[PDB]
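J.: Sharing a structure below in structure tokens format, with a few things to ask.
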Amino acid sequence: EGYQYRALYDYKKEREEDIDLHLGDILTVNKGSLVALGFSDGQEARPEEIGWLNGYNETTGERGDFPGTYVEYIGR
């Protein structure tokens, strides 16, 4: 239930709002928490053209926002 992507790049938890991303990580970004900004029906599947997405990195058991370009939506 939500758009889950894969970590294409590695990011370092810099801002207290972003989290730690690493190639091979799994980001569980719900569908509402993502459209909570106003995206369009279909943008949720475009982290590179989305900007930032709040997902759950199960690999690190952490939750927060991250650079969408460093991910790759792959499905639910």
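Residues are named by chain letter and number: chains run A, B, ... in the order of the structure tokens, numbers start at 1 in each chain, and ligands are numbered from 1 in the order shown.
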Compile the contact shell of residue 64 in chain A as JSON, numbers by chain: residues with an atom at most 8 Å away, counting only C-alpha atoms, same-chain residues fewer than 4 positions apart removed.
T.: {"A": [17, 18, 19, 54, 55, 56]}
J.: Find the residues near residue 53 in chain A: any atom within 12 Å, counting only C-alpha atoms, skip ones fewer than 4 places away on the same chain, and give them as number ranges by chain.
T.: A: 2-5, 7, 17-19, 21, 27-37, 39, 43-49, 57, 63-73
J.: Would you save the residues of that selection, restricted to N, CA, C and O atoms, as a short mmCIF file (atom, residue, chain, number, x, y, z; two decimals), in the first residue's frame?
T.:
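Contents of out.cif, as written:
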data_model
loop_
_atom_site.label_atom_id
_atom_site.label_comp_id
_atom_site.auth_asym_id
_atom_site.auth_seq_id
_atom_site.Cartn_x
_atom_site.Cartn_y
_atom_site.Cartn_z
N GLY A 2 1.34 1.66 -1.16
CA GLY A 2 2.20 2.86 -1.24
C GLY A 2 3.26 2.62 -2.32
O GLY A 2 3.45 1.50 -2.77
N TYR A 3 3.97 3.63 -2.75
CA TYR A 3 5.00 3.40 -3.80
C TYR A 3 6.35 3.10 -3.15
O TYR A 3 6.96 3.94 -2.51
N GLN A 4 6.81 1.89 -3.28
CA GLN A 4 8.13 1.52 -2.69
C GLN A 4 9.21 1.60 -3.77
O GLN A 4 9.07 1.04 -4.84
N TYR A 5 10.29 2.30 -3.52
CA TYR A 5 11.36 2.39 -4.56
C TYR A 5 12.65 1.75 -4.06
O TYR A 5 12.73 1.25 -2.95
N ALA A 7 16.92 2.17 -3.49
CA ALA A 7 17.97 3.22 -3.38
C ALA A 7 18.94 3.11 -4.55
O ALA A 7 19.74 2.20 -4.63
N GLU A 17 15.75 16.26 8.74
CA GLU A 17 14.51 15.74 8.09
C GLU A 17 14.86 14.60 7.12
O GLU A 17 14.08 13.70 6.91
N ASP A 18 16.02 14.63 6.53
CA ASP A 18 16.39 13.55 5.57
C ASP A 18 16.89 12.32 6.34
O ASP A 18 17.13 12.38 7.53
N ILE A 19 17.03 11.21 5.67
CA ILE A 19 17.51 9.97 6.36
C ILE A 19 18.77 9.45 5.66
O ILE A 19 19.34 10.11 4.82
N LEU A 21 20.47 7.05 3.04
CA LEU A 21 20.12 6.18 1.88
C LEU A 21 21.37 5.44 1.40
O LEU A 21 22.48 5.92 1.52
N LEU A 27 12.87 1.79 0.07
CA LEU A 27 12.14 2.96 0.64
C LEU A 27 10.64 2.73 0.52
O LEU A 27 10.09 2.66 -0.56
N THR A 28 9.98 2.60 1.63
CA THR A 28 8.51 2.38 1.60
C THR A 28 7.80 3.73 1.72
O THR A 28 7.54 4.20 2.81
N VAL A 29 7.50 4.36 0.62
CA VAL A 29 6.81 5.68 0.69
C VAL A 29 5.31 5.49 0.43
O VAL A 29 4.90 5.15 -0.66
N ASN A 30 4.50 5.72 1.43
CA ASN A 30 3.03 5.55 1.25
C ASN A 30 2.57 6.35 0.03
O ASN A 30 3.35 7.03 -0.61
N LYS A 31 1.32 6.26 -0.30
CA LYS A 31 0.80 7.00 -1.48
C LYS A 31 0.30 8.38 -1.04
O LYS A 31 0.43 9.36 -1.75
N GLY A 32 -0.28 8.47 0.13
CA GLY A 32 -0.79 9.79 0.61
C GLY A 32 0.38 10.64 1.10
O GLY A 32 0.55 11.77 0.69
N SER A 33 1.19 10.11 1.98
CA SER A 33 2.34 10.90 2.49
C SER A 33 3.12 11.50 1.31
O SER A 33 3.83 12.47 1.45
N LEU A 34 2.98 10.92 0.15
CA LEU A 34 3.70 11.44 -1.04
C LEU A 34 2.83 12.48 -1.74
O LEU A 34 3.30 13.52 -2.17
N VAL A 35 1.56 12.22 -1.86
CA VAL A 35 0.65 13.19 -2.54
C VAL A 35 0.25 14.28 -1.55
O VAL A 35 -0.52 15.17 -1.86
N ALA A 36 0.77 14.23 -0.35
CA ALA A 36 0.42 15.27 0.66
C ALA A 36 0.92 16.64 0.18
O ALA A 36 0.60 17.66 0.75
N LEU A 37 1.69 16.66 -0.88
CA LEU A 37 2.21 17.96 -1.39
C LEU A 37 1.28 18.46 -2.51
O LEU A 37 0.98 19.63 -2.60
N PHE A 39 1.25 16.34 -5.71
CA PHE A 39 1.74 15.71 -6.97
C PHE A 39 0.55 15.39 -7.88
O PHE A 39 -0.58 15.69 -7.58
N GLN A 43 2.84 11.00 -10.81
CA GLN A 43 4.18 11.56 -10.47
C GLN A 43 4.81 10.73 -9.34
O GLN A 43 6.00 10.52 -9.30
N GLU A 44 4.01 10.25 -8.43
CA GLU A 44 4.56 9.44 -7.31
C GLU A 44 5.58 8.44 -7.86
O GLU A 44 6.48 8.01 -7.16
N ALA A 45 5.44 8.05 -9.10
CA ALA A 45 6.40 7.08 -9.69
C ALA A 45 7.50 7.82 -10.44
O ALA A 45 7.90 7.43 -11.52
N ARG A 46 7.99 8.90 -9.89
CA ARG A 46 9.06 9.66 -10.58
C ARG A 46 9.86 10.46 -9.54
O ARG A 46 9.83 11.67 -9.54
N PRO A 47 10.55 9.74 -8.69
CA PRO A 47 11.37 10.36 -7.63
C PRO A 47 12.37 11.34 -8.24
O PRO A 47 12.62 12.40 -7.71
N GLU A 48 12.95 10.99 -9.35
CA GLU A 48 13.94 11.90 -10.00
C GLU A 48 13.25 13.21 -10.37
O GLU A 48 13.84 14.28 -10.31
N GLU A 49 12.00 13.15 -10.76
CA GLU A 49 11.27 14.39 -11.15
C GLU A 49 10.31 14.79 -10.02
O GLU A 49 9.44 15.61 -10.19
N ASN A 57 13.20 3.39 5.12
CA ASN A 57 14.36 2.55 4.72
C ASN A 57 14.45 1.33 5.65
O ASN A 57 15.11 1.36 6.66
N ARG A 63 13.05 6.27 9.08
CA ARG A 63 11.98 6.89 8.27
C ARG A 63 12.28 8.38 8.09
O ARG A 63 12.70 9.05 9.01
N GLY A 64 12.07 8.91 6.91
CA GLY A 64 12.35 10.36 6.70
C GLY A 64 12.29 10.70 5.21
O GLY A 64 11.91 9.89 4.39
N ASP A 65 12.67 11.90 4.86
CA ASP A 65 12.63 12.31 3.43
C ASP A 65 14.01 12.06 2.80
O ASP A 65 14.99 11.87 3.49
N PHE A 66 14.08 12.05 1.50
CA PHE A 66 15.39 11.81 0.83
C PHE A 66 15.32 12.27 -0.63
O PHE A 66 14.24 12.41 -1.18
N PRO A 67 16.46 12.47 -1.23
CA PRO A 67 16.54 12.91 -2.63
C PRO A 67 15.91 11.85 -3.53
O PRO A 67 16.39 10.74 -3.64
N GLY A 68 14.82 12.18 -4.17
CA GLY A 68 14.15 11.19 -5.06
C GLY A 68 15.10 10.72 -6.16
O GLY A 68 15.12 9.56 -6.52
N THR A 69 15.90 11.59 -6.68
CA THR A 69 16.85 11.16 -7.76
C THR A 69 17.69 9.97 -7.29
O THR A 69 18.15 9.18 -8.08
N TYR A 70 17.89 9.83 -6.00
CA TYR A 70 18.70 8.68 -5.49
C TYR A 70 17.81 7.45 -5.26
O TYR A 70 18.12 6.61 -4.43
N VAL A 71 16.73 7.33 -5.97
CA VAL A 71 15.84 6.15 -5.78
C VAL A 71 15.28 5.72 -7.14
O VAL A 71 15.57 6.32 -8.16
N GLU A 72 14.49 4.69 -7.16
CA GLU A 72 13.91 4.22 -8.44
C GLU A 72 12.62 3.44 -8.16
O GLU A 72 12.65 2.25 -7.94
N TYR A 73 11.50 4.11 -8.13
CA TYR A 73 10.23 3.40 -7.86
C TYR A 73 10.20 2.10 -8.67
O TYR A 73 10.48 2.09 -9.85
#
J.: Would you work out the distance separating CA of residue 26 in chain A from CA of residue 75 in chain A, expressed in Å to one decimal?
T.: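 Here the two named atoms are 11.4 Å from each other.
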J.: Please extract the residues of chain A with a backbone DSSP assignment of helix (DSSP H, G or I) and present them as an MDAnalysis selection string.
T.: chainID A and resid 32:35 43:45 47:49 68:70
J.: Would you compute the distance between CA of residue 13 in chain A and CA of residue 74 in chain A? Give it in Å to one decimal.
T.: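 CA of residue 13 in chain A sits 22.9 Å away from CA of residue 74 in chain A.
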J.: What is the CA of residue 9 in chain A-CA of residue 42 in chain A distance in Å, reported with one decimal?
T.: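 Rounded to one decimal, the two atoms are 22.3 Å apart.
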J.: Return the single residue from A:40, A:51, A:59, A:11 that is closest to residue 25 in chain A, with distances computed using only C-alpha atoms.
T.: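 Distance minimum relative to residue 25 in chain A lands on A:59.
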J.: When distances are computed from only C-alpha atoms, which of A:52, A:23, A:38, A:62 shows the smallest separation from residue 6 in chain A?
T.: A:23
